[PDB]
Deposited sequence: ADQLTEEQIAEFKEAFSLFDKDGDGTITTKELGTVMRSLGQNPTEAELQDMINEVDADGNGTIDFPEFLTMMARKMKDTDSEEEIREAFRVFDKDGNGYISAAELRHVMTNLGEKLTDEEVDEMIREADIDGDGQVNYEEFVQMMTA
């Protein structure tokens, strides 16, 4: 649905090559950070190291960089949709999701499950054992 425009890709290319010391087209972890800070963000040591190893020495070219930027777009869109869904699942707006609320919303979404199956999903996502699923437990449940 949501994809990178030609304008964004061109800007990513200019930010990539602006901090590429050689003409190889492959930047390091340290150079990747400067690129990120030029794009209005501020990742840390581990974050930069996790990003560079997710798209494969510790160096990446632009096609791999664009892949990483696309995944960021995919993740940030999923993050808000999960945030959107939580407000929908939380029918009374108390900040928690009961088994009754889960079963009701699932019905409207063409998902007819037994009362036992609903209890299982709640039991599976309930970490602190309050009986209901809050936002933190909901994110882990949706991310998987």
**Report entry** In sequence order, the deposited-sequence ranges that have no modelled C-alpha atom
**Finding:** 57-59
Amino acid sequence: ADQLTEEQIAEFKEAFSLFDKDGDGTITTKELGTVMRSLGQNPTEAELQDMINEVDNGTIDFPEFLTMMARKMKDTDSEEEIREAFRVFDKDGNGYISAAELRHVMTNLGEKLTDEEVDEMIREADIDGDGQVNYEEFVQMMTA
From here on, numbers count along this sequence of modelled residues.
Query raised in the report: Of the two stretches 92-100 and 36-44, which shows the higher Cα B-factor on average in the entry?
Result: 36-44
Report task. Report the stretch with the higher mean CA temperature factor, choosing between 6-14 and 127-135 on the basis of the entry. Result -> 127-135
Requested in this report: Would you mind finding, among 64, 80, 54, 31, the residue with the largest C-alpha temperature factor in the entry?
Outcome: 54
Query - Residue, from 49, 108, 76, 26, that the PDB entry assigns the highest Cα B-factor - result: 49
Requested in this report: Check where residue 118 lands among this chain's C-alpha B-factors and tell me if it's the lowest, middle or highest third.
Outcome: highest
